[PDB]
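Count the sequence shown with PDB author numbering and you get residues 1 to 173, 178 to 220, in order. The beta-carbon is built from N, C-alpha and C at its ideal position, and this holds for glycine as well. Following: one structure in structure tokens, then a few remarks.
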Amino acid sequence: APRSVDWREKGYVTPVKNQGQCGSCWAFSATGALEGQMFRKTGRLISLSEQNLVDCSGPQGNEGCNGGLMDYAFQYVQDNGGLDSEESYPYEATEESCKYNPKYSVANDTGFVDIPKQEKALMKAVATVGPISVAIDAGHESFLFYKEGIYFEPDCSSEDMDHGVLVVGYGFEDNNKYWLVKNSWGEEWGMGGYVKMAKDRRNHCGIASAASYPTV
Ligand SMILES: *C(=N)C1(NC(=O)[C@@H]2C[C@@H](S(=O)(=O)c3ccccc3Cl)CN2C(=O)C2(c3ccc(C)cc3)CC2)CC1
């Protein structure tokens with residue numbers, strides 16, 4: 001694979017968003033992934049409604065501001081015939097009743113792909129597909145106060161993930181490789197909203213344990 005990849009450069013990635021005081025990280029990872037694949041398809045980068053996901057994907061298994069899965073959001077989009085743009089269906093950081101307007105929809109998917117549970121398979125996907133939804137163990141306070149550099153937490157779990165985020169690329173700066185990850189905690193956290201997560205250090209924080217992307 002290429003030694004470095006950055007989808008931000010190719011226009012696949014919207015600016016950093018802020019989930020606020022609602023546990024909807026899964027909705028940001030999913031829109032992030034769909035934004036990428038839609039752009040790969042249409043050449044138009046259009047921001048997407050996390051609120052549409054939060055309010056409307058209960059049937060598929062999601063729990064609004066209490067958590068959910070990226071794949072359940074991707075299944076919702078396939079079930080629903082589409083997803084509203086962020087412009088039309090704005091983010092409120094609260095669970096309210098559903099409001100999908102089929103006319104205001106700018107995206108769709110034909111399903112999703114679950115990537116094999118290794119960093120090699122993740123790298124293959126990131127290099128060839130675009131941005132990838134991933135689960136990480138973000139439970140450690142080191143992650144909360146992350147500012148710069150390659151994030152390495154010795155106590156991280158490869159199997160116990162609690163935060164959905166988006167891999168937009170990877171690179172290198178011993179133990180010098182990283183995944184470039186877009187978070188949804190706004191631009192004042194980490195590196196303008198991003199974190200470099202240790203790569204090829206035995207699936208650090210579980211970054212390859214539940215990686216997926218939508219098919220468009
Ligand atoms: C985000 N603000 C928040 N975390 C989650 O919603 C997080 C998102 C997924 S995941 O951690 O990426 C994950 C974990 C295991 C397997 C697949 C995936 Cl995609 C689920 N999340 C969770 O925190 C858990 C969860 C699982 C299912 C449901 C319905 C709700 C939560 C606890 C695993 C909310 C803090």
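- Taking the CA atoms as reference points, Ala135 sits about 32 Å from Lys103.
- Within the model, the alpha-carbon separation for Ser157 versus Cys98 is close to 35 Å.
- Distance check between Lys203 and each of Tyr91, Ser49 and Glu153 places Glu153 closest, using alpha-carbon atoms only.
- Residue environment: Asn80 is assigned as buried (16 or more neighbouring CB atoms within 10 Å of its CB, all protein chains considered).
- At least 8 Å separates the beta-carbon of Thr219 from that of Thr128.
- With contact defined as three or more Cβ pairs closer than 8 Å, the region 35 to 54 and the region 137 to 154 are not in contact.
- Taking the Cβ of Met38 as the reference point, every heavy atom of ligand 1 lies at 7 Å or farther away.
- Across the structure, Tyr198 and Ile46 are spaced so that their CA atoms are roughly 20 Å apart.
- Here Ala33 is buried, its C-beta having at least 16 other C-beta atoms within 10 Å.
- Straight across, the Cα-Cα distance linking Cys65 with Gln19 is about 10 Å.
- Taking 7 Å as the cut-off, one finds no heavy atom of ligand 1 near enough to the beta carbon of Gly43.
- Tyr217 carries a strand assignment under DSSP once its states are collapsed to helix, strand and coil.
- Taking each of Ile115, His163, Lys10 and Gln60 in turn and checking the Cα distance to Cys209, the smallest one comes out for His163.
- Using a cutoff of 7 Å, the CB of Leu53 does not count as near ligand 1, since none of the ligand's heavy atoms is closer than that.
- Residue pairing by DSSP leaves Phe28 without any beta bridge partner.
- DSSP places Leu184 within a strand segment (E or B) once states are collapsed to three.
- When DSSP states are grouped into helix, strand and coil, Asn80 belongs to the helix group.
- According to the DSSP assignment, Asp178 belongs to no beta strand (DSSP E), since it is labelled neither H nor E.
- Counted as a single uninterrupted DSSP element, the beta strand (DSSP E) harbouring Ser133 occupies residues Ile132 to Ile136.
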